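Report on the structure
Letter by letter, the chains look like this.
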Amino acid sequence: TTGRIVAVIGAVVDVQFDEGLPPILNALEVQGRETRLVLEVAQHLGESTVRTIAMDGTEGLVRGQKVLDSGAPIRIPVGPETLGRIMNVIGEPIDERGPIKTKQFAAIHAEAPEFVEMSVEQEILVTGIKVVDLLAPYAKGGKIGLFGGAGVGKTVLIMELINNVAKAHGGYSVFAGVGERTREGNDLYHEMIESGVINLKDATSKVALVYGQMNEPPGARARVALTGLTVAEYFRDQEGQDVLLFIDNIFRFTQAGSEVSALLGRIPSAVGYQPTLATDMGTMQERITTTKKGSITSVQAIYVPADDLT
Amino acid sequence: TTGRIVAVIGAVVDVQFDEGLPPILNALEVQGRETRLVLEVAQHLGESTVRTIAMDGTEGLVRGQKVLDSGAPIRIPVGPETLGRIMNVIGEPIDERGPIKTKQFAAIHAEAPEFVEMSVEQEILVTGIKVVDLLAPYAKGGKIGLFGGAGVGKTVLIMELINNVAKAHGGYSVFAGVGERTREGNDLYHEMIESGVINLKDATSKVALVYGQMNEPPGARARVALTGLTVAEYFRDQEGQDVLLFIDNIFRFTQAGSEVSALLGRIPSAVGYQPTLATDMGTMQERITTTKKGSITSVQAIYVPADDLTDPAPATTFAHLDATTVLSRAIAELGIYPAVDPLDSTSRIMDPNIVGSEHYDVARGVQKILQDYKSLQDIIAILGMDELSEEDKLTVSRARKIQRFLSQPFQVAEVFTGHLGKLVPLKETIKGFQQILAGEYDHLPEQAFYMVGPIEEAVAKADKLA
Amino acid sequence: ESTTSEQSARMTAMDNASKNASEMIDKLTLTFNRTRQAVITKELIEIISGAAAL
Amino acid sequence: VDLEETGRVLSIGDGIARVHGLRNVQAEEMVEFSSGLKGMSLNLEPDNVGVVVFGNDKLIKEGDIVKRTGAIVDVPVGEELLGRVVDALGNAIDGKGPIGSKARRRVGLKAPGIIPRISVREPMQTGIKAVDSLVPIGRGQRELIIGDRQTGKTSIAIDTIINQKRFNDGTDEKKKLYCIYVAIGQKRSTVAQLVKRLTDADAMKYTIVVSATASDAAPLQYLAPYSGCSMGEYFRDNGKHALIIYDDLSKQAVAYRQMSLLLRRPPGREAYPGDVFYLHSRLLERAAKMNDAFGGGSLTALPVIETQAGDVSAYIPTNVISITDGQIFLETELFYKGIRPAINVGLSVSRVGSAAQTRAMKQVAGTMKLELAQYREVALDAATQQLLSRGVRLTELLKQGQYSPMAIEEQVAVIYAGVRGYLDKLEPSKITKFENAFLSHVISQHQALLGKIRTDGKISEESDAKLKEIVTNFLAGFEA
Amino acid sequence: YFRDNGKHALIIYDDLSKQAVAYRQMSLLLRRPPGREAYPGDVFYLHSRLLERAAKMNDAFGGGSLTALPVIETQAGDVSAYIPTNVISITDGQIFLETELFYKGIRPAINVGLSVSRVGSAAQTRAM
Amino acid sequence: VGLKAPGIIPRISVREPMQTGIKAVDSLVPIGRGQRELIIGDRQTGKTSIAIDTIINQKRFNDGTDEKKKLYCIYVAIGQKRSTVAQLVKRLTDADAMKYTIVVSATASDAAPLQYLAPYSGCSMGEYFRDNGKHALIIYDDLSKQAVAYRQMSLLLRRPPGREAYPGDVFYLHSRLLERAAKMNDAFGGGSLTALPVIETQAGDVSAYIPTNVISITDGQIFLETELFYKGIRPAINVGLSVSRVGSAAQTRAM
Ligand SMILES: Nc1ncnc2c1ncn2[C@@H]1O[C@@H](COP(=O)(O)OP(=O)(O)NP(=O)(O)O)[C@H](O)[C@H]1O
Ligand SMILES: Nc1ncnc2c1ncn2[C@@H]1O[C@H](COP(=O)(O)OP(=O)(O)NP(=O)(O)O)[C@@H](O)[C@H]1O
Ligand SMILES: Nc1ncnc2c1ncn2[C@@H]1O[C@H](COP(=O)(O)OP(=O)(O)NP(=O)(O)O)[C@@H](O)[C@H]1O
Ligand SMILES: [Mg+2]
Ligand SMILES: [Mg+2]
Ligand SMILES: [Mg+2]
């Protein structure tokens, strides 16, 4: 049913509901705006009020504005129709190439494979790249830290990875740009087209793109990885694939957290981060793994604050 | 009369009395459990409610549940019918040897010895531990502090002292274990029954035991330091006797404070500690003292968190001692036990007029060469020994011997050192160094002085190598 | 001889001196960061604290 | 209508649900939610009750029914849990049926007092040469396993668990040891492999695995080591012997810090609560050795702590060090070099357990601790260059592969080989080749000698001369 | 404006550290949760909204361009502090200037080792 | 107690030599009547055996005729242990100096506001001696412990905490107290109040909130340093780092 805006401080909105109450983690959709302003439920406050973080700017909300509960968390399209497309944190296509026409949707939040679903085997997902496969081989369903900044091959090492795991295994890939710079995001788009792995003609496209750019609010940057995760999950779980999840870049994923968490004004932990730090990270990193059905293996770029590995 | 639990959190509970209201400090008594659950009023919140610190687990309590005022503080057995018995924080006995039938009682809280009662009696107390004696001697009826980070050997050192001191000692000793290892207690007990300071057969026992270890609630750790306090207090006053008070670990007292200060509702102070760290301490601390009447020689082991000697806890405590021994991981890691920092341990009686300016002179002479070595410490680390001037090449070698001859194999860790437990008398302490200092020994290998008794065992060792 | 056994000698003492130097550096860089994090927090704890007290 | 054995939720926010109702509910009583979710009365305030949730607090909507249960928080304990993987509430997550637990324990027990106890006397055998010789543990003792990330901390626990097969498949009942592994904050992937590996060594049968993994709600991880501790007290308290491994306490402390900070409690060193020492001291006291008056059973504890850049004087490492009865320090450097287990023999210590060392070992052991001693600084004339040679060799001897605990006598055997210096003229690269051959040899043929060294519990004058001949000829047989 | 009318603008924000300070002040007096250095949780979002607004419009949009040189004051050279960190993160290059360089003679005092532009060669004429 | 300090006019440049009888101090950092000279240093460096050696020096002048060279001494003892306050009085008494010397003592066990107040009280007592044409030397030992006390009151009073938990005015605290020492001008008695405040540092850290405050306040200071101490330089002073903001204007033309 319908609720109402009762406070808007910054990118955190408080919303009253008369009858039902949307669970934590639900997607409310603020009404009467040119562009979809989703709010995501953070706390139940009492007095039929919930708190939320905004998946986009809040200018021009008035207290009293109608808000409509969608009855689920954020849901996004999934399946092969995402390959070649560029969707934002809430599933909207942003490549101006029309809509992402799929039957299936999926909730971005979700739970780690159950203990009984975990595969206990460890085998190498082969990249066909000599350096890697020989000395520091990627493990099916493992996470890989990828160091060094610009001009070292990073963009290409990715593309060639997207390419081979596709070629020699039949594994699509998702790239999650957590805090992508709008410039580089454009460029990364074209480079993937120019190179092969995206194809605007046939459907032989091999990589879905999810971007949560640097000028979106904390909420969006903080949840964009999960969107990318969700898209990859469809390929593991429904199509039994050995998938690739690129996250660039994981430090911004943490920061987005640390931000969102200071906005709900939870007291900050050591050195600035969220008190949620460990489990924020855990409940994402734990979805990435080998299940009986298949496996998401993920390469994640890392920034090291202050060159301080500690 | 009667009142009720209206709020419970951790060891902090809120009771409501409609009729009457207990003074701040009155032990309350929870009515409804198979276990004496003393509360202790610490605040009047108003609206005829008080705030209290438990003295045990509070699982179970309910909003409701009755409480009876005891009309008094927490009061415990005192007197000679305690010697040989292990008692907990509220006096209850815990050596499973029946009750402690005793004439009188005392409360755990108590005002502290007025200025007129102080005594300036400064006489040296020899330990037979070379570093302590030579550089910062303990004083009879003095307050003594053992500072150390996790694992540098406070507990061993307190034990060695208990041995070289309280074994041949006509007089009562009290040992308060405050929030340390329960198995260390079991260990003490047995070790003192065999040696026979405690005797289950008689009333010939010379020691009282008070224990509240690192498994009990904040409240309990908070207070027990005082239980054992009160006991020693009696033996001093109503007996004008020679009391030996050993605590391990006085730190856990301030720590436990911290754990409760949070929910008592004080605003946090530096580093998160209780606002009241200096007085909370200082009251408690200033009761541990030698007065005109009796005489307490106190020895408190003081834990230092994260090795931070500036952490408020260790930091504040320094004020309260007459002799201090500070233990450094740095030293211990070089196998130099006991791990005493020679340039950081001090006594308020290293004074020629008190120790005789041969002592004071060999001391500050060691303390000098050491602190001269310590200054070169930097250039030796970057350029190497060779860049050292000739004079300086020596200052090292000699110093390094001193460094090594302050090591002394304790009669306890005969198990870790394997080596036979030595105890060196003030004379041969002062002597040996004097010689080392006057360089009679620049012809002996370093090791020769590591882990020995008098300087003979040194020169003696040097041969068995050759 | 002497100035082959001296050149060779200090070529070595230097090699060493600099290795030592290089360790001090790493060990020191290490406490630097510890001190670094500590300070960040100690300041944030002082803010949060006085901000709760209103 | 009911407001006394019941509540509905006021607010469910920073992981505390404030409930209204539950009048009679007591401090630390497990309440229950609509969902099936369980929680914990923690805060008893006038109008509301603060409940810690033991699960995912998204499910907790405003105004949900909340029933009491009158049970102080407790887990299932008992022989029935062996072989099973369970969450921190005891539920089975291993899909193998349900657990026919019959007993229950408060996760929040107090520890045995000064009296019900007694000095650790009996061996807890890791089956790891280095530990068993130079850092002997003893049943009832607490030994800290502490090192940087990926230095072999867990491997050590895992081997120790795997080793207890040889006693449980044995005829002697006072040598049996039941195993309890608590996973706090680790990858679920990892617990699962850990479990399979245990299952291949046929060690799972005597083992309980309690998992609160990285994706589980903080209080679950905050809880687990205590749940597990209870499960293992049952064995201590009915005159049996258990070993519990907490992997790791560093991550639990972290979880606890989340809860503390979120409940607005006051931060200190590293933003930890003031009571983060208590959090650990009270879990690790609950392990010790009972005098025969209470069945002389024992709980032994190997808690794990993850240092950052080798800093064993942070807040959390010194806390735990100041609780336990010594520690095995693992060193990233050593590990890198190839010394594995990467134990810092000079820094690692066991206090109490010194006297729980088997006699057989003690002979040859003590004389290794000593030569390795005179190796550490001397690290040139005949004897000092000798003291080196001897050293680099004794060192090589203590390197040992994963998943292969050694029988204590098999150990005393291959150590004997080095302390009498048969290893001295072998180049060190070859030392481990030699060791593996030599050991598998005496094991195959001389089951006689081994069986006897265990029995005389000592290297007998005969044993010795027998052994001399074995090794002396075997190392002529060593061609390169 | 110029950007969107096929023209070319350059904007200098001197000094983006002092703007942060101001925004902080408003956030604090508004009683909004303090974080590191007491800055809000949106003091990144602040600057990233702003600086992501410089761009190079493809032909179909005028061909125009806005180019931004933000200016950050660092303290004792700490480029890991909250604001530096943020901006350095948002932007695609840094020109670091140093006082020792300055007095040694290097003026302009550009540390050419630390300085960088991720656009790089592509922004350069062939001669250069 | 709550008296504000002498403004601008009631005073005159500090000209009157306040002798310590310590070669080190009296030559390189000379104090003068009306000056505030801070003694700062790590614990057990000799911070007190300064202030004591100085009162014990005033025998000479107080057992004579010249009525200007006379100096009555107050000695606040904040935070210490009675076992010491006493042992110290005993030291004074022995050397025979106790006669010209108030000794206000608020110690460890004394309540919080009692240490807060102690050094003020001990000031008023010394204000009299100056406002009535005589010469006082008050020694607060130490302000470090006092500050801590003021912090407690303040925090328990729910006054939101600042740096290192101390309250905002923790500067005002030492500022105001320490201003009350002056060199009154003739038109007001000629009387003085030299004040030796004492501060205790941690590991030498003079950045610590407090030690930096009190140094900004006093007319100079003596630093102590355990390093020099053991090195043989007793009294351990660190010349180069000790300053007297009154210079020779406070010596004899003999020194
Ligand atoms: N005894 C050994 N001999 C040779 N390699 C070993 C040995 N023990 C561990 N390793 C290797 O080192 C491991 C690191 O993880 P682990 O043994 O669980 O120690 P850890 O400090 O607990 N690491 P972590 O669980 O990520 O914190 C590898 O996966 C092994 O291949
Ligand atoms: N005086 C000593 N001589 C030789 N070895 C020692 C000595 N003291 C300690 N050790 C060794 O180091 C360990 C620490 O001893 P211990 O006295 O318990 O330190 P501690 O001050 O009590 N730290 P903790 O008890 O954990 O709060 C021992 O168990 C020994 O193996
Ligand atoms: N000039 C000196 N020559 C030799 N010894 C001295 C000298 N001055 C002081 N000492 C000794 O050094 C110790 C410390 O002196 P003290 O005045 O208490 O410094 P402190 O920093 O005030 N100590 P504390 O009050 O604990 O901070 C004494 O016990 C003296 O006997
Ligand atoms: Mg101890
Ligand atoms: Mg591990
Ligand atoms: Mg002093």
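Per the PDB record, the structure was determined using X-ray crystallography to 3.20 Å resolution.

1. Let's talk about the overall build of chain A
If you tally the helices and strands in chain A, you get six helices and 15 strands. Here chain A has a C-alpha radius of gyration of 20 Å; the compact-globule value for 310 residues is 19 Å, and the two agree. Looking at chain A residue by residue over its 310 residues, the buried ones come to 58%. Counting contacts in chain A only where the partners sit at least 6 residues apart, residues at least 24 apart contribute 70% of the total. A total of about 12400 Å² of accessible surface is found on chain A, and carbon and sulfur atoms cover 52% of it. For chain A, the centre of its 28 positive side-chain charges and the centre of its 38 negative side-chain charges are spaced 2 Å apart.

2. What to know about the environment of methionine 26 of chain E
Relative to the helices and strands, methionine 26 of chain E is located in helix 1 (residues 16-29). A residue is classified by how much of its surface remains accessible, and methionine 26 of chain E, at 49% relative accessible area, is partly exposed.

3. Points about the domain arrangement of chain A
Residues and elements named next belong to chain A. Along its sequence, chain A is organised into domain 1 (1-73) and domain 2 (74-310). Centre-to-centre, using C-alpha coordinates, domain 1 lies 28 Å away from domain 2. Each partner contributes to the interface: domain 1 provides 17 residues, whereas domain 2 provides 15 residues. Across the domain 1/domain 2 interface, buried area totals approximately 1400 Å², and carbon plus sulfur atoms make up 69% of it.

4. Things to note about the sheet that holds strand 15 (residues 241-247) of chain D
All names here are of chain D. The mixed open sheet is built from eight strands, whose spatial order is 8-14-13-15-16-12-17-18. With one partner strand each, in any of the chains shown, strand 8 (85-86) and strand 18 (349-350) form the two edges of the open sheet. Sheet topology note: the strand 8/strand 14 (residues 207-212) ladder contains two bridges and is parallel. Its bridge partner being in strand 14, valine 86 is matched across the sheet by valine 210. The sheet strands contacting helix 6 (residues 249-262) are strand 13 (178-184), strand 15 and strand 16 (298-307), and the helix crosses strand 16 at an angle near 75 degrees.

5. Some remarks on the UniProt feature "binding site: ATP" in chain D
All names here are of chain D. Summarizing the sequence annotation, UniProt attributes the feature "binding site: ATP" to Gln150, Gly152, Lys153, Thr154, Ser155, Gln400 and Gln402 in the numbering used throughout. Tracing the backbone through its elements, the reader meets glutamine 150 in the loop between strand 12 (144-148) and helix 2 (153-163). Tracing the chain through its elements places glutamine 400 in the loop between helix 11 (382-398) and helix 12 (408-419). According to the relative accessible area criterion, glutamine 400 is buried, its value standing at 14%. Non-local contacts of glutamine 400, meaning those with residues more than four positions away in its chain, are made with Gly127, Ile128, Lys129, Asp159, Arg340, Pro341, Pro405 and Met406. One polar contact links the side chain of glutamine 400 to the main-chain carbonyl oxygen of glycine 127, over a distance of 3.3 Å.

6. Points about the UniProt feature "binding site: Mg(2+)" in chain D
All names here are of chain D. As recorded in UniProt, the feature "binding site: Mg(2+)" lies at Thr154 and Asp247. Despite a sequence span of 94 residues, these residues sit close together in the fold, their greatest C-alpha distance being 7.3 Å. Among the structural elements, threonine 154 can be located in helix 2. Structurally, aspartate 247 can be placed in strand 15. Judged by relative accessible area, which is 1%, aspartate 247 ranks as buried. A distance of 2.6 Å separates a polar atom in the side chain of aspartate 247 from a polar atom in the side chain of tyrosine 181.

7. Focus on the site of ligand 2
In the vicinity of ligand 2 there are 18 residues, among which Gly151, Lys154, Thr155, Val156 and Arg181 of chain B approach most closely. Near ligand 2, the surrounding residues are drawn from chains B and D. Within the side chain of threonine 155 of chain B, one N or O atom sits 2.5 Å away from an oxygen atom of ligand 2. The separation between an oxygen atom of ligand 2 and a polar side-chain atom of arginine 181 of chain B is 2.7 Å. Starting from 640 Å² of accessible surface for ligand 2 in isolation, the protein chains cover 94%. If one sorts the elements of the shell around ligand 2 by residue count, helix 2 (residues 154-166) of chain B sits on top with three residues. Tallied by class, the residues present in the shell around ligand 2 amount to eight nonpolar, six polar and four charged.

8. Comments concerning the interface of chain D and chain B
Taken residue by residue, the interface counts 57 residues in chain D and 51 residues in chain B. Together chain D and chain B conceal approximately 4200 Å² of surface at their shared face, both sides included; 54% is due to carbon and sulfur atoms. Ranking the residues of chain D by area buried against chain B places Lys110, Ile114 and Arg269 of chain D at the top, with a combined share of 18%. Summed over the shared surface of chain D and chain B, the result is five salt bridges. Its salt-bridge partner being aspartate 325 of chain D, residue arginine 183 of chain B comes within 2.8 Å of it at the nearest N-O pair. At the boundary of chain D with chain B, the tally comes to 22 residue pairs in polar contact.

9. What about unusual backbone geometry?
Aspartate 248 of chain A connects to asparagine 249 of chain A through a cis peptide bond whose omega is 5 degrees. Assignment of secondary structure puts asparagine 249 of chain A in the loop between strand 13 (242-248) and helix 5 (250-263). Here the bond from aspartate 141 of chain F into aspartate 142 of chain F is cis, since omega is 0 degrees, no more than 30 degrees from zero. Within the secondary structure, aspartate 142 of chain F is located in the loop between strand 4 (135-141) and helix 6 (143-156). A positive phi angle, near 60 degrees, is found at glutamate 270 of chain D, a position not held by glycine. Tracing the backbone through its elements, the reader meets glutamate 270 of chain D in the loop between helix 6 and helix 7 (276-284).

10. Considering a nonpolar patch on the surface
Residue and element names in this part refer to chain E. A surface patch of nonpolar side chains, about 420 Å² in accessible area, is lined by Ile95, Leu97, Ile110 and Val112. As for its placement among the helices and strands, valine 112 is situated in the loop between helix 4 (99-104) and strand 4 (116-117). According to the relative accessible area criterion, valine 112 is exposed, its value standing at 69%.

11. A short note on the pattern of salt bridges
Residues and elements named next belong to chain D. This structure, assessed with the given rule, holds 108 salt bridges over all chains. Note that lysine 196 and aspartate 200 form a salt bridge whose closest N and O atoms lie 2.8 Å from each other. Within this pair, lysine 196 and its partner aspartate 200 are both found in helix 4 (residues 188-200), separated by four residues, close to a single helical turn. Residue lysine 196 is classed as partly exposed on the basis of its relative accessible area of 31%.

12. Considerations on the side chain of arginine 287 of chain A
All names here are of chain A. Checked against the element boundaries, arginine 287 lands in the loop between helix 6 (277-285) and strand 14 (290-291). With a relative accessible area of 0%, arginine 287 lands in the buried category. Once residues lying within four places of it in the same chain are set aside, the contact partners of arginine 287 are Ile108, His109, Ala110, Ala112, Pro113, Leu226, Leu229, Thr230, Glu233 and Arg236.

13. As for the UniProt feature "binding site: Mg(2+) 1" in chain A
Residue and element names in this part refer to chain A. Those residues carrying the UniProt feature "binding site: Mg(2+) 1" are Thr155 in this numbering. Its relative accessible area of 31% is what places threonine 155 among the partly exposed residues. Ignoring anything within four residues of it in the chain, the contact list for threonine 155 reads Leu188 and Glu191.

14. Focus: the interface of chain B and chain C
Listed per partner, the contact involves four residues of chain B and six residues of chain C. Looking at the side of chain B facing chain C, the largest losses of area belong to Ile267, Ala381 and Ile382 of chain B, adding up to 72% of the total buried there. At the junction of chain B with chain C, the criterion picks out zero salt bridges. Across the contact surface, chain B and chain C share zero residue pairs in polar contact. Of the residues in the side of chain B that touches chain C, the class split is four nonpolar, no polar and no charged.

Procedures and definitions
- Residues numbered from 1 in each chain as written, not as in the entry; some residues may be left out.
- Chains lettered and ligands numbered in written order.
- Part of a larger assembly, values for the part shown.
- Heavy atoms only, no water.
- Helix = DSSP H or I, 4+ residues; strand = E, 2+ residues; numbered from the N terminus.
- Rg over C-alpha atoms; globule rule 2.2 N^0.38 Å.
- Buried < 20%, exposed > 50% of the residue type's maximum accessible area, 1.4 Å probe, protein only.
- Contact = heavy atoms within 4.5 Å.
- Areas by Shrake-Rupley, 256 points an atom, 1.4 Å probe, with all protein chains shown as cover.
- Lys, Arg positive; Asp, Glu negative; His and termini not counted.
- Charge placed at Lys NZ, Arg CZ, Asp CG, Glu CD.
- Domains from an automatic or database assignment.
- Buried area = accessible area lost by both parts, 1.4 Å probe.
- Pairing = 2+ DSSP bridges.
- Axes fitted to C-alpha atoms, helices over the stretch in contact; angles between N-to-C directions.
- UniProt positions renumbered as here; feature names shortened; annotations may be inferred.
- Polar contact = N/O pair within 3.5 Å; in protein donor to acceptor, adjacent residues only side chain to side chain.
- Near = heavy atom within 4 Å.
- Nonpolar A, V, L, I, M, F, W, Y, C, P; charged D, E, K, R; others polar.
- Salt bridge = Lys/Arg side-chain N within 4 Å of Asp/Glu carboxyl O.
- Patch = residues over 30% accessible without salt bridge, like charges linked within 9 Å, V, L, I, M, F, W, Y side chains within 5 Å.

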